[PDB]
Amino acid sequence: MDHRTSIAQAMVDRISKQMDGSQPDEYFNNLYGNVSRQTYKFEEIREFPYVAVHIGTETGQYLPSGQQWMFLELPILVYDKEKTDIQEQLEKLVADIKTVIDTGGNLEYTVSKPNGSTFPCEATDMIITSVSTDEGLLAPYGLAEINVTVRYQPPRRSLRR
Amino acid sequence: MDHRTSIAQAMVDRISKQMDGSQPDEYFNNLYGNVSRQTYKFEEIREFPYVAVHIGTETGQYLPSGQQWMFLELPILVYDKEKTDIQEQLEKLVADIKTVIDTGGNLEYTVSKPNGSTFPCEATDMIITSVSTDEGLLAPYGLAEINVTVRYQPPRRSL
Amino acid sequence: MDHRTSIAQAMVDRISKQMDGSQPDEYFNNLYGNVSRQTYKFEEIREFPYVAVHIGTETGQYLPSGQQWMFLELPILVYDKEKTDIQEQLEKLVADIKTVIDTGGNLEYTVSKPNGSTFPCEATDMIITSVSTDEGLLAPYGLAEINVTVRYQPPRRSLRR
Amino acid sequence: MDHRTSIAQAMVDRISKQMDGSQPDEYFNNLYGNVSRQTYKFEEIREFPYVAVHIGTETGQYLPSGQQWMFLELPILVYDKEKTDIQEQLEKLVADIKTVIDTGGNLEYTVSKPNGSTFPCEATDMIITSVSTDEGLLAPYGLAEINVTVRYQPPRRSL
Amino acid sequence: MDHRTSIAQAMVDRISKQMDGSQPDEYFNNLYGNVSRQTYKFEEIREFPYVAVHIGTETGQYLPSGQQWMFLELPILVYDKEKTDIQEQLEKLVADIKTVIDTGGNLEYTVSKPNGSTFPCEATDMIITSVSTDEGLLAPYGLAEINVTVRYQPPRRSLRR
Amino acid sequence: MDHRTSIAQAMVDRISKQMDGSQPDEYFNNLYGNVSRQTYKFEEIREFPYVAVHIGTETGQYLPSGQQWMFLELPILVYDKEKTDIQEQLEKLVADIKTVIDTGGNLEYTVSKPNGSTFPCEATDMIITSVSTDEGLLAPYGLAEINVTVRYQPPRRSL
């Protein structure tokens, strides 16, 4: 069950593939290559136009058929040095992230079975909750927080002991 | 979608063009020219009669046709020095700003399409939430908080 | 709209005029002249039997006819030195304040039309909320916190562009 | 209206008169004389068996005939030293106070009209809420909180 | 009314008599003699396997027949000192306390009428709420908090002035 | 009643026995030996495939036949020490722990009667609530919080 790290990896891979070096229309920040989940915080992060994917808490409920409903959360932060205008650039980055989340397809999985092979699976639904930004201080830099939720269905490894 | 800073720019342009040096009746602050969002806080801003717009969190809901609804928030701050009575000037500014927000039409809007041109759009509705007031301390200056919410439809639909 | 400072000025004028030098019956503080809103805090205020009104937050709701309902709140404090006793004399003050607020008529307005003349208006209702009291410390002095709410109808400057 | 200080004074007079040197049955603290509201806190109060009555926030509601309903609050504090047990003496004082509040009639009242005479009145009903006490520290003395509510009708009506 | 320390003393006497030096089945701590309410806190308490009962707040509601329903709370604490295992011994003691409270009879009373004699009474019900356990720190010692509630009927000393 | 420490022993024994050096399929942590409750905190624990089980507050309700219902809470913490990804190893551990909690039967139980013998019993149902994750700081190590609830009936009835 869980699949949390696999979900994060699929998310960052989807952002990278669908955002980089293609389709000037629709999506436009042209991240050459960057986005990841292993390296974050602030210190380090020597480049700009970088966006980070965090890991958050989850919630769970039990349905009376062995099916599992699991709610998962992913905080997303965006950084941009100045260029034209902190507000404009942060809003443009968050808009591109949002459209990549929404308009194209369902989320994909690359789970690894116990000491076996990878069996791809899908993700039921995706919802983007409130998205906030930083304040005036730390003037030349800027932040953009994104709160997104994922609802996956774990494999029913029940009723099969 | 998103489309926040353009909401801010549209509101700033509307307040600036609607308040400046025209219509002596109805509107009474006569800002020569001023209102912006790039520069705020308190430091700098060497004039008074200065009103500022902030940008804050917005929340969204998913209607079952691919349609989007998003409620956005803007804090408004007003400063004034003392020509006569600080409370009177503050309420004067707040009344004028509320009038300009409410009475005239929907907001004009200036989206910027990917690597293309600007296609004008609208803003659904305007709502004025609580109006706070500053305190006695920092005597010669004064503040007047305004809470306003915006609800726009983002010009895009899901699969 | 608003009319907030006009409301405060009208209420303080009502208190001062209706409370001073007249009607020994039903009213007993006989304030020579004092009640105001511009000067408060504690420092200054060299006299006593002084009473001050503050300015507080407001709340607004929109009715589907262009009519506006705005709730306005006014915190009022009373300062009084000694004499007979702090408790009874402060409560005598606040009892006079309550009776002058409730008993006699609705409010009056002296609002200002944009670059024009003053057109008087009325205020719908007054409701008096909790009335707190100070504590033992600062012994020779005492406070009396009284909170009042005002429900006015702003001029319908809508449907007329 | 308001009238709360006279409510407190009447309650103090009632406890003093009903508790002192009379009726060995029912009431057992035999307070010779003490109970007041002018002097409290802890400092001073050199004797013991003292009990104090405070003054607190009140709330009001408007019925549609000009009638007024106002709920009031009185914190009550009891102190005891150590003849035998601090807990026992505290509960004995608390039980006697609750009995005197509950069993006997409505409260008497002594309003003073504006520059006139004293016209006695009544008090509608008595309600006593949670009863808490002190902790281990400050060992030789003891405390016992009493929370009571008062609901009076103000002898006046609106327009 | 009240009768609070009557409840506390009856409870502690019940624990003592029903728990000490008898019935090696069912009840298993063999507290030789100890349990009390006057002495607590931590400092002092030189023995061990000691249990202390506190006094807490109460709550009261009024029924329209002169009957009073009063809720009273009693926090209970236990202390133990190594021997086998802290967790085991603490839950050993708390299981004994819980079964003594629950399985055997209703509470008794030794209340005192004004300057008279003792007329025993009863207590309607007992409920035992959440039971917390202490943490690793202060290693050789350990706590296990018990929160119980009682619901007695105060004597209807109303309608009889 | 109560019975918490034996619940903890049953949980630790079950995880240890279902976890060690058997069934390469399904279960992939191969913990040689670790899980316990006597030693925890962080200090000590010089190995870091370790998993710890805590003890928490429980709540009870009274059904009207003398039957008792008790909901118990168990915080579970997992540590790990690199070798590839901290996040990946933590999620693998959490998935394996959730699997072992859910898939196999009700919990076995080993109550000890007063000065008697051990009579095995059962545990009604297992529920796993929210699962938290650690933070960036303290980089080379990792945390993985698990919160589970236990609902056992006490093998005794009231009068």
# chains A, B, ... in the order shown; residues from 1 in each chain; ligands from 1
$ select_by_dssp --residues "stretch 1-157 of chain A" --states "helix (DSSP H, G or I)" --output "JSON, numbers by chain"
{"A": [4, 5, 6, 7, 8, 9, 10, 11, 12, 13, 14, 15, 16, 17, 18, 19, 86, 87, 88, 89, 90, 91, 92, 93, 94, 95, 96, 97, 98, 99, 100, 101, 102]}
$ interface_residues --of "chain F" --to "chain A" --cutoff "7 Å" --atoms "only C-alpha atoms" --output "NGL selection string"
:F and (25-28 or 87-88 or 91 or 95 or 103-104 or 129-133)
$ select_by_dssp --residues "stretch 88-129 of chain D" --states "strand (DSSP E or B)" --output "list in words"
residues 108, 109, 110, 111, 112, 118, 119, 120, 121, 122, 125, 126, 127 and 128 of chain D
$ write_last_selection --atoms "N, CA and C atoms" --output "PDB file, in the first residue's frame"
ATOM      1  N   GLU D 108     -33.471  40.019  48.286  1.00  0.00           N
ATOM      2  CA  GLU D 108     -33.971  41.355  48.567  1.00  0.00           C
ATOM      3  C   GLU D 108     -33.095  42.360  47.829  1.00  0.00           C
ATOM      4  N   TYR D 109     -33.627  43.561  47.614  1.00  0.00           N
ATOM      5  CA  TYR D 109     -32.907  44.519  46.791  1.00  0.00           C
ATOM      6  C   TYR D 109     -33.267  45.941  47.200  1.00  0.00           C
ATOM      7  N   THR D 110     -32.282  46.853  47.035  1.00  0.00           N
ATOM      8  CA  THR D 110     -32.311  48.192  47.636  1.00  0.00           C
ATOM      9  C   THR D 110     -31.860  49.253  46.617  1.00  0.00           C
ATOM     10  N   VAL D 111     -32.482  49.261  45.432  1.00  0.00           N
ATOM     11  CA  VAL D 111     -32.135  50.272  44.423  1.00  0.00           C
ATOM     12  C   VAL D 111     -32.319  51.678  44.991  1.00  0.00           C
ATOM     13  N   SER D 112     -31.510  52.607  44.484  1.00  0.00           N
ATOM     14  CA  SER D 112     -31.605  54.022  44.831  1.00  0.00           C
ATOM     15  C   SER D 112     -31.916  54.797  43.557  1.00  0.00           C
ATOM     16  N   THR D 118     -35.164  55.125  48.272  1.00  0.00           N
ATOM     17  CA  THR D 118     -34.868  53.716  48.044  1.00  0.00           C
ATOM     18  C   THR D 118     -36.180  52.949  47.922  1.00  0.00           C
ATOM     19  N   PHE D 119     -36.382  52.297  46.780  1.00  0.00           N
ATOM     20  CA  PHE D 119     -37.582  51.505  46.540  1.00  0.00           C
ATOM     21  C   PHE D 119     -37.207  50.035  46.445  1.00  0.00           C
ATOM     22  N   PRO D 120     -37.542  49.209  47.436  1.00  0.00           N
ATOM     23  CA  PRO D 120     -37.122  47.803  47.397  1.00  0.00           C
ATOM     24  C   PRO D 120     -37.699  47.062  46.200  1.00  0.00           C
ATOM     25  N   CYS D 121     -36.917  46.113  45.688  1.00  0.00           N
ATOM     26  CA  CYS D 121     -37.318  45.298  44.551  1.00  0.00           C
ATOM     27  C   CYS D 121     -36.834  43.873  44.778  1.00  0.00           C
ATOM     28  N   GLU D 122     -37.038  43.024  43.772  1.00  0.00           N
ATOM     29  CA  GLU D 122     -36.697  41.611  43.909  1.00  0.00           C
ATOM     30  C   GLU D 122     -35.650  41.169  42.891  1.00  0.00           C
ATOM     31  N   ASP D 125     -34.239  34.869  39.823  1.00  0.00           N
ATOM     32  CA  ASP D 125     -33.849  33.488  40.075  1.00  0.00           C
ATOM     33  C   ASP D 125     -32.345  33.399  40.290  1.00  0.00           C
ATOM     34  N   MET D 126     -31.931  32.329  40.969  1.00  0.00           N
ATOM     35  CA  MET D 126     -30.536  32.067  41.300  1.00  0.00           C
ATOM     36  C   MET D 126     -30.085  30.770  40.648  1.00  0.00           C
ATOM     37  N   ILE D 127     -28.912  30.805  40.018  1.00  0.00           N
ATOM     38  CA  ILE D 127     -28.302  29.625  39.420  1.00  0.00           C
ATOM     39  C   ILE D 127     -26.832  29.597  39.808  1.00  0.00           C
ATOM     40  N   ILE D 128     -26.380  28.446  40.299  1.00  0.00           N
ATOM     41  CA  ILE D 128     -24.994  28.263  40.718  1.00  0.00           C
ATOM     42  C   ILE D 128     -24.336  27.235  39.804  1.00  0.00           C
TER      43      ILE D 128
END
$ residues_around --residues "stretch 126-143 of chain C" --least-positions-apart "3" --cutoff "9 Å" --atoms "only C-alpha atoms" --output "PyMOL selection string"
(chain C and resi 77-82+86-87+90+94+98+101-102+106-107+123+146-151) or (chain D and resi 2+40-41+55-62)
$ write_last_selection --atoms "N, CA, C and O atoms" --output "tab-separated table (two decimals), in the first residue's frame"
chain	number	residue	atom	x	y	z
C	77	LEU	N	-15.34	53.48	27.13
C	77	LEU	CA	-14.70	53.36	28.43
C	77	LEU	C	-15.02	54.58	29.28
C	77	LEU	O	-15.20	55.68	28.74
C	78	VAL	N	-15.10	54.39	30.59
C	78	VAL	CA	-15.39	55.46	31.54
C	78	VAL	C	-14.26	55.50	32.57
C	78	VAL	O	-13.82	54.45	33.05
C	79	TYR	N	-13.81	56.71	32.90
C	79	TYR	CA	-12.75	56.91	33.87
C	79	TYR	C	-13.28	57.76	35.02
C	79	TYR	O	-13.95	58.78	34.81
C	80	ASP	N	-13.00	57.31	36.22
C	80	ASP	CA	-13.46	58.03	37.36
C	80	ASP	C	-12.57	57.78	38.52
C	80	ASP	O	-12.43	56.65	38.95
C	81	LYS	N	-12.24	58.88	39.21
C	81	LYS	CA	-11.42	58.80	40.41
C	81	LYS	C	-12.18	58.27	41.59
C	81	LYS	O	-12.95	57.35	41.48
C	82	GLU	N	-11.98	58.84	42.74
C	82	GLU	CA	-12.62	58.22	43.86
C	82	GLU	C	-13.95	58.73	44.29
C	82	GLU	O	-14.90	58.49	43.59
C	86	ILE	N	-15.38	53.54	44.29
C	86	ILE	CA	-15.15	53.33	42.87
C	86	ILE	C	-16.31	52.55	42.25
C	86	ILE	O	-16.90	52.98	41.25
C	87	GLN	N	-16.69	51.43	42.86
C	87	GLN	CA	-17.67	50.54	42.26
C	87	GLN	C	-18.98	51.26	41.99
C	87	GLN	O	-19.39	51.41	40.83
C	90	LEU	N	-18.83	54.39	39.48
C	90	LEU	CA	-18.67	53.99	38.09
C	90	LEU	C	-19.95	53.36	37.54
C	90	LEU	O	-20.34	53.63	36.40
C	94	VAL	N	-22.31	54.36	34.35
C	94	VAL	CA	-22.65	53.46	33.24
C	94	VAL	C	-24.16	53.26	33.16
C	94	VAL	O	-24.70	53.03	32.07
C	98	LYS	N	-26.30	53.91	29.87
C	98	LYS	CA	-27.24	52.95	29.31
C	98	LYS	C	-28.61	53.57	29.11
C	98	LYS	O	-29.26	53.34	28.07
C	101	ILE	N	-28.63	55.93	26.17
C	101	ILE	CA	-28.57	55.22	24.89
C	101	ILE	C	-29.93	54.61	24.55
C	101	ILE	O	-30.39	54.69	23.41
C	102	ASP	N	-30.59	53.99	25.54
C	102	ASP	CA	-31.76	53.18	25.22
C	102	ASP	C	-33.04	54.01	25.20
C	102	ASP	O	-33.87	53.85	24.30
C	106	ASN	N	-34.36	57.49	18.32
C	106	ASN	CA	-33.31	56.93	17.48
C	106	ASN	C	-32.17	57.93	17.33
C	106	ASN	O	-32.18	59.02	17.92
C	107	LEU	N	-31.18	57.55	16.53
C	107	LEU	CA	-30.03	58.42	16.31
C	107	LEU	C	-30.34	59.48	15.25
C	107	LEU	O	-31.34	59.41	14.53
C	123	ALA	N	-30.66	56.12	11.99
C	123	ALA	CA	-29.99	54.84	12.17
C	123	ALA	C	-31.04	53.88	12.73
C	123	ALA	O	-31.80	54.24	13.63
C	146	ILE	N	-17.91	49.19	28.22
C	146	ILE	CA	-19.25	48.95	27.70
C	146	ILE	C	-19.19	48.93	26.18
C	146	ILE	O	-18.66	49.85	25.55
C	147	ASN	N	-19.74	47.87	25.60
C	147	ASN	CA	-19.68	47.64	24.16
C	147	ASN	C	-21.08	47.78	23.58
C	147	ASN	O	-22.02	47.16	24.08
C	148	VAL	N	-21.21	48.58	22.53
C	148	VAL	CA	-22.49	48.84	21.89
C	148	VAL	C	-22.36	48.56	20.40
C	148	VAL	O	-21.28	48.68	19.81
C	149	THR	N	-23.47	48.18	19.78
C	149	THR	CA	-23.52	47.88	18.36
C	149	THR	C	-24.54	48.78	17.68
C	149	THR	O	-25.56	49.14	18.27
C	150	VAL	N	-24.25	49.15	16.43
C	150	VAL	CA	-25.11	50.02	15.64
C	150	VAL	C	-25.38	49.35	14.30
C	150	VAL	O	-24.48	48.81	13.65
C	151	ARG	N	-26.65	49.38	13.89
C	151	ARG	CA	-27.09	48.80	12.62
C	151	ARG	C	-27.69	49.93	11.77
C	151	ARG	O	-28.85	50.30	11.95
D	2	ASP	N	-28.45	48.41	34.73
D	2	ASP	CA	-27.20	47.92	35.30
D	2	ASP	C	-27.52	47.37	36.69
D	2	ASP	O	-27.92	46.19	36.78
D	40	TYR	N	-10.60	42.88	49.09
D	40	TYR	CA	-10.30	41.53	48.65
D	40	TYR	C	-8.84	41.45	48.20
D	40	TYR	O	-8.03	42.31	48.53
D	41	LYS	N	-8.53	40.34	47.50
D	41	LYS	CA	-7.31	40.04	46.74
D	41	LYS	C	-6.56	38.88	47.37
D	41	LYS	O	-6.35	37.85	46.71
D	55	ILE	N	-17.15	41.07	41.12
D	55	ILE	CA	-18.07	41.61	40.14
D	55	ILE	C	-17.52	41.31	38.75
D	55	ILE	O	-16.35	41.55	38.46
D	56	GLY	N	-18.39	40.78	37.89
D	56	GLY	CA	-17.94	40.34	36.59
D	56	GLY	C	-18.79	40.79	35.42
D	56	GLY	O	-19.65	41.67	35.57
D	57	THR	N	-18.56	40.18	34.26
D	57	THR	CA	-19.26	40.57	33.04
D	57	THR	C	-20.71	40.09	33.08
D	57	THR	O	-21.03	39.03	33.63
D	58	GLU	N	-21.59	40.89	32.49
D	58	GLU	CA	-22.99	40.54	32.34
D	58	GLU	C	-23.39	40.66	30.88
D	58	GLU	O	-22.76	41.37	30.10
D	59	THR	N	-24.46	39.96	30.51
D	59	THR	CA	-24.92	39.92	29.13
D	59	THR	C	-26.43	40.18	29.10
D	59	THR	O	-27.16	39.75	30.00
D	60	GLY	N	-26.88	40.87	28.06
D	60	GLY	CA	-28.28	41.23	27.96
D	60	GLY	C	-28.93	40.87	26.63
D	60	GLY	O	-28.26	40.85	25.59
D	61	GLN	N	-30.23	40.60	26.67
D	61	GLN	CA	-31.01	40.28	25.48
D	61	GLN	C	-32.31	41.07	25.51
D	61	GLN	O	-32.80	41.43	26.58
D	62	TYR	N	-32.87	41.33	24.33
D	62	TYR	CA	-34.02	42.22	24.17
D	62	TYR	C	-35.25	41.42	23.74
D	62	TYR	O	-35.26	40.82	22.66
$ atom_distance --atom1 "atom CA of residue D:135" --atom2 "atom CA of residue E:100"
27.0 Å
$ residues_around --residues "residue B:39" --least-positions-apart "4" --cutoff "9 Å" --atoms "only C-alpha atoms" --output "list in words"
residues 44, 45 and 52 of chain B
$ residues_around --residues "residue D:116" --least-positions-apart "4" --cutoff "12 Å" --atoms "only C-alpha atoms" --output "list in words"
residues 24, 25, 26, 27 and 28 of chain C; 111 and 112 of chain D
$ atom_distance --atom1 "atom CA of residue D:123" --atom2 "atom CA of residue D:49"
27.5 Å
$ closest_residue --among "B:86, B:10, B:149, B:69" --to "residue B:136" --atoms "only C-alpha atoms"
B:86
